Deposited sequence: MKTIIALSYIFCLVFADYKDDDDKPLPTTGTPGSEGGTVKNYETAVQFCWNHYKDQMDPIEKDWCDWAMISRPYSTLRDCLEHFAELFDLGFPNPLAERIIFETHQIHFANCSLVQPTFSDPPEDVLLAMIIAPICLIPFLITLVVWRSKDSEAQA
């Protein structure tokens, strides 16, 4: 049943944490390794009526946030203001050579 699926990817997530180990309490480098954890819980438990907030899954995701975060817990506007800045150089050019 579902219990065979929770412990399946529970230790699998630990295998993906090794490259980013000792640096898990930041927000940037946890984008990909964290999003793939829920897909296991969602896909295997879709048959059951408890969804993602599964009592079994609720603890394993709450405990996951305890083994890791217990001790620790410009290029966009450049292409925007440059074309606007180049307009008055042309608005002055048309009125005065």
> Where does the model skip over parts of the deposited sequence?
Replying inline: 1-40, 114-124, 149-156
